[PDB]
Amino acid sequence: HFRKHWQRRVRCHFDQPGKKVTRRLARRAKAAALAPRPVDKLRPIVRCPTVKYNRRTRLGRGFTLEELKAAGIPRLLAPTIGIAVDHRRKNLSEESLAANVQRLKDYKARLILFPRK
Amino acid sequence: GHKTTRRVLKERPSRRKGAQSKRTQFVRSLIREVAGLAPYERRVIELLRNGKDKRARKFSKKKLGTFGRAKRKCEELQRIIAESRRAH
Amino acid sequence: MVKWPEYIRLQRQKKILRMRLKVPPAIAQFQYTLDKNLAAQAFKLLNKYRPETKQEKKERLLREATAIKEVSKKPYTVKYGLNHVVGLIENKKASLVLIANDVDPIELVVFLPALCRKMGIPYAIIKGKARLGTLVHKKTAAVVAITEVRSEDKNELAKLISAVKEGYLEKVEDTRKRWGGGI
Amino acid sequence: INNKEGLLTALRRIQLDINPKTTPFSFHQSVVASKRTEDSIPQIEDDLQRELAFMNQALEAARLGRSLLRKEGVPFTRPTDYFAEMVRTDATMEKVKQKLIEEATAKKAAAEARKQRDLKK
Amino acid sequence: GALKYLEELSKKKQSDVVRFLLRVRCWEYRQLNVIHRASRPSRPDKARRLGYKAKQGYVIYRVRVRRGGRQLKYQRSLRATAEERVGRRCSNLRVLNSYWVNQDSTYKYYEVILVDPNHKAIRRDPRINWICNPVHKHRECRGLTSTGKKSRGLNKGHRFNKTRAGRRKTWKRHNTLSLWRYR
Amino acid sequence: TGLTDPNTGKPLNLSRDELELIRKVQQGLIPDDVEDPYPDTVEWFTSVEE
Amino acid sequence: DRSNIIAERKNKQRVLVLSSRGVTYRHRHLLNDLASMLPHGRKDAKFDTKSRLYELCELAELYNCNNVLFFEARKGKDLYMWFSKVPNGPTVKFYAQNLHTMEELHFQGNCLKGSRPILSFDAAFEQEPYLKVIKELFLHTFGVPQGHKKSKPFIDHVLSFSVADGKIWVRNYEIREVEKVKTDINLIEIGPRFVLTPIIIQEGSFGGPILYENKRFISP
RNA sequence: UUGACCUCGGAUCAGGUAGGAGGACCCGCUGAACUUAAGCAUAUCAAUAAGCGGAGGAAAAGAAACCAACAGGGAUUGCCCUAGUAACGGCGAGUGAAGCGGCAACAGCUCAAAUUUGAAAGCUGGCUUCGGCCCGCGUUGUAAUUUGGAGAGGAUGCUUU
RNA sequence: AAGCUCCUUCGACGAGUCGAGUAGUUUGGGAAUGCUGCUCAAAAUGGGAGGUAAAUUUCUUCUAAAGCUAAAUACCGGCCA
């Protein structure tokens, strides 16, 4: 499959050790700004779509509105305390709901909050 | 496949994202009377008043391009004939 | 012979074309405008309800602020603004409507006589979008509406409304549905 | 599900009176063959025999129909002067005539390659 | 709510009042220049929903474009050609959006909305001051307007697999031989 | 070719260029023959008062 | 007299061929091949699948056609047939596969468009009734009435309908004359090749109570 | 006679802006042949090179008229895999994805559609004792409120600057 | 000024745009894969794309024709190392 000019469009990766240093420095640079906070926001536990991966389970994008209200976290506060929020996702079953309001309840137990001023 | 306890969802506010309000239907009925009719709609109205409903459905189909749009246009123009006759 | 400028000729040719073509009966109804007497009697009432200018609104604010350093009813003015007046028409909050006959996108006012007819509000097509703007302290005003007047002149408003449904809307009745122009 | 009596019941309501008692063959021109043609086909993947079976079925239909059509009598065969419009585009027959050229000229040109190598041995 | 009545009117543009208005306006625009300045939009409802505001810094420009084939077909739309000619004429402005305003047997007529990035009424408004940034210089030439996004196929779905992230960027990515270190 | 105004007006006098400009846009704005191209408006919606 | 049949007893038949919204060029060419042969039919395209089945009835009543041949396409890959007597008569559903159209340059046969066919049926089309109902529906769809003024008169082709496994195989051949050695009919195949697998018989026009069910059908 | 309003012009009037360069990478337009198929025209080459237009430190894309058929996922982009699979093919030459999955990074919003109507509440300029005065824009609509997994308005009571 | 709660009150959503036919182009992709030109030209329990032989188009999932936005990605050029 070398019918076209593959010479002009070949990309090597000698920056693979150098990009890893930059990526680890970006995580250190981010943690200097958000010094007591974790680097990454909290994400929900969701089930993979297809029949091939139904039995597996991964992290989603953000918590549903019903999950936040059941846990006791107000919607407009959640992005400001490290909880990602997805308005598109729906619950559609009690098993998806109960797994995530356990996760948010477990987040609140391990969370320490500091007053505003 | 797997059995789960399905929940009942809150009504999505994007249901029927077009028009079902009484205000928009008032505006459309007002604008249609103040603007008049298209040239092809005058042809269909003449045929519908003369009973040539068979020709009118065909003529709206060539102009619009789809049988479903031809039914709706002939339905809308038939209502105009009905409410113009009552006012007369 | 002599040569005329380009925009000069186009002004006259549009005037000929708008009055001599086969005009549909929503623009042709704008050619019929109320009499000189009715327009003068309309502006006799409306000038009594002129909105406050920026100079005298600021003066009144300085009056009330001064008294706070050292009791009124609802203001009755003349309602203007196309988006405002159409809403006042649709909620039946208007009593008399005046429509300019020279709105140059005429689509802004074509539905407006028929919308006032549907809800029953008396309307009158008037000469001058400039005349209405003078009444309401702007350069231009496409539409002018009266909603409620003070108790000293409820009688002359109802008399003016009756002079529109008798002097204007009766003559328009069998000639607002007919096509204009011809030839 | 195969409701039998209701199936023939629906057949009555759309049954034409096709019968040589009154209706001639020119009306329907429908021929039902005696051979099952499933008995003719040993294996359904045999492309040569399967094509021959359907061709054989339309064979006796064509000969029997021709015999009955002359007995009643209609113009059956197109004459030399009926320039009538084909079901296929004329250009389609032009490219299929060109393809029959290419296949047949390849066979004989390969035979010329045989004679050259017959001289070689 | 006058603009809801205008939206239904533009829907019915074969009708009697809209065919009349489009005829008398297309006649007027033919005597005018190829590109000329309009004081107000001919369809104020359409301009406003496309982003037009009655502020110092917003202008409306009307342009006629020849219609027909280039059987070579020009992949550039007539609307994109309308945007590119005006931006050449007004090299100091930014093309925001454009819309159909009229058509004829030879020409197609478009009105384009432009924003002055140097006017400080524009510079102070957070809803529009994104256009003052120099990444928005000549959006009509890079295909960054609504006509450009349609012709570039920037839509979600399996139908737009080749063009949704940039067509040439997709081709360069798929035609790149990628060699790692530990192969 | 002076022709009287259809609204019972007056025998008009416009120039030949003025008459040609009328005929030009009227050709672009004419539905057809036979059927009535310019009917009166039946107020089928504003007859009922809201 | 309006039905343009010049015959002793008029066979008033009309068909309306139709297409779904997602057919392929192979399914589109079978419209063009079948309608060219079929002289008393009208072509129409792109019926809305969001509509109902019985809106194919007043579509045909609009065009005065008592038969309808609907090409319904699913997934953009599968052809499904429908033969139906429009007002109240029975209908059928097939799955059509193994398509080969007239445009493919390998058949080497041709015939007049609008010429009357001979219908070459099979033996199982007579003995078993679920073949008999589609037999009359095939015979009506390709009825080509006697005195039809759009029909070319000389007969040169025969349509062969035969059932082999559980599926009906259509064939078209050209009648050609070669003189006998001291003239016999030699068939050259013209046109469409498809394989027609039955699915249902419904006693209504397009709904109605179910009459035959093919309980061996492997769907694609 | 005067004065508006609209429209079109003039001005070495005041304040601004565009051109050109560079173009490795980026966004559009336009677009070729040899070659391969041991000949050659469909095809390939190649949606490439050359030509034209337009940007930045990145650009472009981007918060579903999406993917899916699930026990569901959830803006965009990039890597690995999917995979030389599906698909299309003088079915020769060959061409050639995407969804799922593991990662990297993560962020959400602004309008138009409403009557502030118990008060154009908004904004550009000029003069300025820098404190606040005029002109103009604008009702053919500038602020505030709202943007459909929403919202408004009342009512009620806690919580926030 | 702001967030939530409740409800004998309301709830507006982008048109010469979809779409139909046709020609060119393009793609692995004749629901045209997409785009463009020409002719005609929409809807409001609407529209789009799917799923399904399952018996009728049952169900599923989103809302187009207005707009902004860092990061992860590219880099034979610019300031350096």
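Residues numbered from 1 in each chain as written, not as in the entry; some residues may be left out. Chains lettered and ligands numbered in written order. Part of a larger assembly, values for the part shown. Heavy atoms only, no water.

The deposited coordinates, according to the entry record, derive from cryo-EM at 3.1 Å resolution.

As annotated in the PDB entry, chain F is Ribosome biogenesis protein ERB1 from Chaetomium thermophilum. Per the PDB header, the entry is named "Cryo-EM structure of a Chaetomium thermophilum pre-60S ribosomal subunit - State 5S RNP".

In the nomenclature of the PDB entry, chain C is known as 60S ribosomal protein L8 of Chaetomium thermophilum. In the Sequence similarities (unreviewed entry) part of its UniProt record, chain C is described as follows: "Belongs to the eukaryotic ribosomal protein eL8 family." Its UniProt record, at the heading Function (unreviewed entry), says of chain C: "Component of the ribosome." (UniProt positions renumbered as here; feature names shortened; annotations may be inferred.)

Undergrad: Explain the protein's contact with RNA strand I to me, using residue names and the numbers behind them.
TA: As a structural note, the neighbourhood of RNA strand I is formed by 85 residues, with A:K19, B:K17, B:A19, E:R159 and E:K162 the closest of them. Of all RNA strand I atoms lying within 4 Å of any protein atom, the proportion belonging to sugar or phosphate reaches 65%. At 2.6 Å, a side-chain N or O of E:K11 approaches a base nitrogen of RNA strand I. One nitrogen or oxygen atom from the side chain of E:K162 is found 2.3 Å from a sugar or linking oxygen belonging to RNA strand I. Taken together, the residues of the surface near RNA strand I break down into 20 nonpolar, 27 polar and 38 charged. (Near = heavy atom within 4 Å. Polar contact = N/O pair within 3.5 Å; in protein donor to acceptor, adjacent residues only side chain to side chain. Nonpolar A, V, L, I, M, F, W, Y, C, P; charged D, E, K, R; others polar.)

Undergrad: Tell me what's going on with the protein's contact with RNA strand H, and back it up with residues and numbers.
TA: The environment of RNA strand H is made up of 123 residues, and the closest members are A:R3, A:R61, B:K10, E:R48 and E:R124. Take C:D104: an N or O atom from its side chain is 3.1 Å from a base oxygen of RNA strand H. Note that a phosphate oxygen of RNA strand H is positioned 2.9 Å from one of the backbone N or O atoms of E:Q75. The element that contributes the greatest number of residues to the surface near RNA strand H is helix α7 (residues 167-174) of chain E, accounting for seven residues. Per-class residue counts for the surface near RNA strand H are 30 nonpolar, 34 polar and 59 charged. (Helix = DSSP H or I, 4+ residues; strand = E, 2+ residues; numbered from the N terminus.)

Undergrad: Help me get a handle on the interface of chain D and chain G, residues and values and all.
TA: Across the boundary between the two partners, chain D contributes 61 residues, which contact 67 residues of chain G. At the boundary of chain D and chain G, one finds five salt bridges. Inspection of the region where chain D meets chain G yields 25 residue pairs in polar contact. Those elements giving two or more residues to the side of chain D that touches chain G turn out to be α1 (5-13), α2 (25-28), β1 (30-31), α3 (47-72) and α4 (90-120) of chain D. (Contact = heavy atoms within 4.5 Å. Salt bridge = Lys/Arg side-chain N within 4 Å of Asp/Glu carboxyl O.)

Undergrad: Give a description of helix α2 (residues 16-31) of chain E that names residues and reports values.
TA: Between its first and last C-alpha atoms α2(E) spans 24 Å; for 16 residues at 1.5 Å apiece the expected length is 22 Å, and the two agree. Within α2(E), 13 of the 16 residues are buried, leaving the element largely enclosed by the surrounding structure. (Expected span 1.5 Å × (residues − 1). Buried < 20%, exposed > 50% of the residue type's maximum accessible area, 1.4 Å probe, protein only.)

Undergrad: Can you tell me about the interface of chain F and chain C, naming the residues and giving the values?
TA: On the chain C side, the residues contacting the 22 residues of chain F number 21 residues. For the pair chain F and chain C, the summed buried surface comes to about 2100 Å²; carbon and sulfur atoms form 61% of the total. On the surface where chain F and chain C come into contact, there are three salt bridges. F:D5 is paired through a salt bridge with C:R20; the nearest N and O atoms lie 3.7 Å apart. Its residues placed into classes, the side of chain F that touches chain C shows eleven nonpolar, five polar and six charged. (Buried area = accessible area lost by both parts, 1.4 Å probe.)

Undergrad: So, the nonpolar core: which residues are in play, and what are the values?
TA: Ranked by size, the top nonpolar core spans 94 residues in total, and within it C:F111 and C:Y168 carry the most contacts. Examining the composition of this core, we find that seven residues originate from one element, α2(E), more than from any other. (Core = buried A, V, L, I, M, F, W, Y, C linked by side-chain atoms within 4.5 Å.)

Undergrad: Got a sec to walk through the pairing of strand β8 (residues 168-178) of chain G? Specific residues and values, please.
TA: A regular strand carries its side chains on alternate faces of the sheet. Residue and element names in this part refer to chain G. Counting buried residues in β8 gives eight out of eleven residues, a clear majority hidden from the surface. The pairing of strand β7 (residues 157-163) with β8 spans seven bridges and is antiparallel. Within β8, the position partnered with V163 by the bridge is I168. Here β7 folds back onto β8 in antiparallel fashion, the turn holding four residues. (Pairing = 2+ DSSP bridges.)

Undergrad: An account of the sheet that holds strand β4 (residues 107-115) of chain E is needed here, citing residue identities and associated values.
TA: Residue and element names in this part refer to chain E. A sheet is described by the order of its strands in space; here four strands give the open sequence β1-β2-β4-β3, paired in antiparallel fashion. Two strands bound the open sheet, and with one partner strand each, they are β1 (35-38) and β3 (94-103). The mean angle between the axes of side-by-side strands here comes to 30°, regardless of whether they run parallel or antiparallel. As paired strands, β3 and β4 are joined by eight bridges and run antiparallel to one another. By the bridge assignment for β4, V95 is matched with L114. This element, α2, spans β2 (58-66), β3 and β4 of the sheet and lies at about 120° to β3. (Axes fitted to C-alpha atoms, helices over the stretch in contact; angles between N-to-C directions.)

Undergrad: With reference to specific residues and values, describe the environment of G:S162.
TA: Tracing the sequence through the fold places G:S162 in strand β7. Ignoring sequence-local partners within four residues, the contact set of G:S162 consists of D:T37, D:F54, D:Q57, G:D122, G:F125, G:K167, G:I168 and G:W169.

Undergrad: If you had to explain the pairing of strand β10 (residues 193-202) of chain G to someone new, which residues and values would you point to?
TA: Residue and element names in this part refer to chain G. With ten of ten residues buried, β10 lies mostly within the body of the structure. Strand direction decides the pairing type here: strand β5 (residues 91-100) and β10, joined by eight bridges, are antiparallel. Residue pairing in the sheet places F94 in a bridge with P198 of β10. Pairing of β10 with strand β11 (residues 210-213), which is carried by three bridges, proceeds in the antiparallel orientation. Bridge pairing in β11 links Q202 to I210.

Undergrad: Please provide a residue-by-residue account of the arrangement of the chains, values included.
TA: If you rank the ten pairs of chains in contact by how many contacts each has, first place goes to chains D and G. Spatially, chain D and chain F are disjoint, and the shortest separation between their C-alpha atoms is 38 Å.

Undergrad: Give me the packing of helix α4 (residues 82-90) of chain C against helix α1 (residues 2-11) of chain E: which residues, what numbers.
TA: Packing of α4(C) against α1(E) brings their axes to within 8 Å, and their N-to-C directions diverge by 90°. In terms of orientation, α4(C) lies roughly perpendicular with respect to α1(E). On α1(E), the residues that touch C:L82, C:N83, C:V86 and C:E90 of α4(C) are E:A2, E:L3 and E:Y5. Along the lines of polarity and charge, the residues of the contact of α4(C) with α1(E) split into five nonpolar, one polar and one charged. (Parallel < 35°, antiparallel > 145°, perpendicular 65-115°, else oblique.)

Undergrad: Can you break down the state of the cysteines residue by residue, with the values?
TA: Under the definition given, this model contains zero disulfides over all chains. Its sulfur unpaired, B:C74 is 19 Å from the next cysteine sulfur, which belongs to G:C57. Among the residues examined, B:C74 registers a relative accessible area of 5% and is labelled buried. (Disulfide = S-S within 2.5 Å.)

Undergrad: Give a detailed account of a nonpolar patch on the surface, specifying residues and quantitative values.
TA: Taken together, the side chains of C:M1, C:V2 and C:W4 present a nonpolar region at the surface, about 500 Å² in accessible area. Locating C:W4 in the fold gives a position in the segment before α1 (6-20). (Patch = residues over 30% accessible without salt bridge, like charges linked within 9 Å, V, L, I, M, F, W, Y side chains within 5 Å. Areas by Shrake-Rupley, 256 points an atom, 1.4 Å probe, with all protein chains shown as cover.)

Undergrad: I'd love a proper account of the sheet that holds strand β3 (residues 123-126) of chain C, names of residues and values included.
TA: Residue and element names in this part refer to chain C. Ordered in space as β1-β4-β2-β3, the four strands form an open sheet in which the pairing is mixed. Of all strands in the sheet, those bounded by a partner on one side alone are β1 (79-80) and β3. The strands touched by helix α5 (residues 111-119) are β2 (96-100), β3 and β4 (143-146); relative to β3, the strand with the most contacts, the crossing angle is about 160°.

Undergrad: Tell me about the packing of α4(C) against α5(C), and please be specific about residues and values.
TA: Residues and elements named next belong to chain C. Interhelical geometry of α4 versus α5 gives an angle of 25° and a closest axis separation of 9 Å. By the angle between their axes, α4 is roughly parallel relative to α5. Contacts from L82, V86, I89 and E90 of α4 reach α5 at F111, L112, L115, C116 and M119. Residue classes in the contact of α4 with α5 are distributed as eight nonpolar, no polar and one charged.

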